[PDB]
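# Summary of the model geometry
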Amino acid sequence: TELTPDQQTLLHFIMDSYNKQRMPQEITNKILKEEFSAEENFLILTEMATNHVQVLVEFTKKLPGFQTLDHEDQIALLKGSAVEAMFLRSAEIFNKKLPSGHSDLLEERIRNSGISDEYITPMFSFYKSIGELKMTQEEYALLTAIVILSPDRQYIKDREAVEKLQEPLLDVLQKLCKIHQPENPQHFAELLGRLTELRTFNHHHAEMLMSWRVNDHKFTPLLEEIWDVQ
Amino acid sequence: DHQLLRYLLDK
Ligand SMILES: CC(C)c1onc(-c2c(Cl)cccc2Cl)c1COc1ccc2c(ccn2Cc2cccc(C(=O)O)c2)c1
């Protein structure tokens, strides 16, 4: 097994948008420059989260077979996968120890941002755990697209036209788990485990938004939208 | 309800 010429473009067509757009230095630079207060921390995290929802719409914008789906379906998808994609994007940073990530300081602002404790633990655990998989950019990009195009989402209409888009990507991930990882079969099944864990965080998150909302904590118009009424 | 996201998907 290797990769048919049809699946050889799914890896490129996807791995392109994944590098085509990154986060502005003016923003990610604040993690370091700015002060370290519970407000300034929370404010900066809000900024990234908001700026990231754009990259998402852009990245998810392309995705072949996407603009074909019903408009009342692309929304459900972007809304149900917003937080999971975001969570998977941050995991890459803390794990890839990217320079523009400032993970050492980032982890600071995160821990001190009004975030409850119950949800601060699982969060990093997922990070250390997923981290151990030594995933490759190709695994991140495909897994993300897989997350975004998840039929099982809520308020969906044509749940059958989604599986016809995710299944192809899912098939291209396994092939890689047989090509770049033969020594261990379970790899693919290791990565799919991350789909259920990410989902666990959506649940934790809906709650950590409430704690925030009651504390006079507001979010941008864009995030309010994607996460429903703030 | 979807004004901002719909807009972003039509740019
Ligand atoms: C609203 C805000 C307070 C918030 O609430 N929950 C989360 C929250 C937390 Cl604390 C953890 C995981 C998920 C969410 Cl929504 C957030 C925002 O937290 C983050 C943390 C890191 C993030 C982001 C978004 C991106 N990154 C990393 C990154 C850095 C540089 C470039 C790029 C890139 O786009 O290539 C990404 C948001």
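Per the PDB entry, chain A goes by Bile acid receptor and derives from Homo sapiens. Listed as the entry title in the PDB record is "FXR with SRC1 and GSK088".

### Quick look at the pattern of salt bridges
If the charged atoms of two oppositely charged side chains come close together, the side chains can form a pair. All names here are of chain A. The closest approach of N and O atoms between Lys 157 and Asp 70, which form a salt bridge, is 3.4 Å. With a gap of 87 residues between them, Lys 157 in the loop between α8 (137-148) and α9 (159-179) and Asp 70 in the loop between α4 (38-62) and α5 (71-96) connect regions that are remote in the sequence. The shortest N-O distance in the salt bridge between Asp 216 and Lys 218 comes to 3.2 Å.

### A short note on the packing of helix α1 (residues 8-20) of chain A against α8(A)
All names here are of chain A. Packing of α1 against α8 leaves a shortest axis separation of 10 Å and a crossing angle of 95°. On the basis of the axis angle, α1 is roughly perpendicular to α8. Seen from α1, the contacting residues are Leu 11, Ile 14, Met 15, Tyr 18 and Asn 19; seen from α8, they are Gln 137, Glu 138, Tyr 140, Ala 141, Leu 142, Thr 144 and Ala 145. Residues of the contact of α1 with α8, tallied by class, amount to eight nonpolar, three polar and one charged.

### Quick look at unusual backbone geometry
Residues and elements named next belong to chain A. Within the chain, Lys 134 stands out as a residue other than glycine whose phi angle is a positive 40°. With respect to the element layout, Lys 134 can be found in the loop between α7 (120-132) and α8. Positive phi, normally seen in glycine, also occurs at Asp 216, with a value near 55°. Here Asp 216 lies in the loop between α11 (193-214) and α12 (221-226).

### Topic: the interface of chain A and chain B
In many reports, interface size means the accessible area that the parts give up when they come together. On the chain B side, the residues contacting the eleven residues of chain A number nine residues. Counting residues per element, the ones that place at least two in the side of chain A that touches chain B are α5 and α12 of chain A. For the side of chain A that touches chain B, the leading source of residues is α5(A), giving five residues.

### Re the UniProt feature "binding site: chenodeoxycholate" in chain A
Residues and elements named next belong to chain A. In this structure's numbering, the residues bearing the UniProt feature "binding site: chenodeoxycholate" are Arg 89, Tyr 119, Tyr 127 and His 205. Along the chain, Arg 89 falls in helix α5. If sequence neighbours within four positions are ignored, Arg 89 has contacts with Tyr 18 and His 52. You can see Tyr 119 is positioned in the loop between α6 (103-111) and α7.

### Observations regarding the side chain of A:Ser90
The topology assignment puts A:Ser90 in helix α5. A polar contact of 3.2 Å, which involves the side chain of A:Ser90, links it to the backbone oxygen of A:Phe87.

### Here's the deal with the UniProt feature "domain: NR LBD" in chain A
This chain's UniProt record puts "domain: NR LBD" on residues 6-230 of chain A. Here residues 6-230 of chain A runs as 71% helix and 0% strand, with 41 Å between its end C-alpha atoms.

### Focus on the environment of A:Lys62
All names here are of chain A. Position of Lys 62 among the secondary structure elements: in helix α4. Between the alpha carbons of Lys 62 and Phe 13 there is a distance of 8.8 Å; along the sequence they are 49 residues apart. Look past the residues within four positions of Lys 62 in its chain and what remains in contact with it is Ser 17, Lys 20 and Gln 67. A polar side-chain atom of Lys 62 sits 3.2 Å from a polar atom in the side chain of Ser 17.

### Digging into the packing of α8(A) against α11(A)
Residues and elements named next belong to chain A. Contact geometry for α8 and α11: axes closest at 11 Å, N-to-C directions at 55°. Viewed along their axes, α8 and α11 adopt a mutual orientation that is oblique. As for how α8 packs across α11, the hand of that crossing is right-handed. Contacts between α8 and α11 involve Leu 143, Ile 146 and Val 147 from the former and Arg 194, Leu 195 and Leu 198 from the latter.

Cut-off values and rules
Residues numbered from 1 in each chain as written, not as in the entry; some residues may be left out. Chains lettered and ligands numbered in written order. Heavy atoms only, no water. Residues with missing side-chain atoms left out of burial classes, pairs and counts. Salt bridge = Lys/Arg side-chain N within 4 Å of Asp/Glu carboxyl O. Helix = DSSP H or I, 4+ residues; strand = E, 2+ residues; numbered from the N terminus. Axes fitted to C-alpha atoms, helices over the stretch in contact; angles between N-to-C directions. Parallel < 35°, antiparallel > 145°, perpendicular 65-115°, else oblique. Contact = heavy atoms within 4.5 Å. Nonpolar A, V, L, I, M, F, W, Y, C, P; charged D, E, K, R; others polar. UniProt positions renumbered as here; feature names shortened; annotations may be inferred. Polar contact = N/O pair within 3.5 Å; in protein donor to acceptor, adjacent residues only side chain to side chain. Left-handed = near helix turned anticlockwise from the far one by under 90°.

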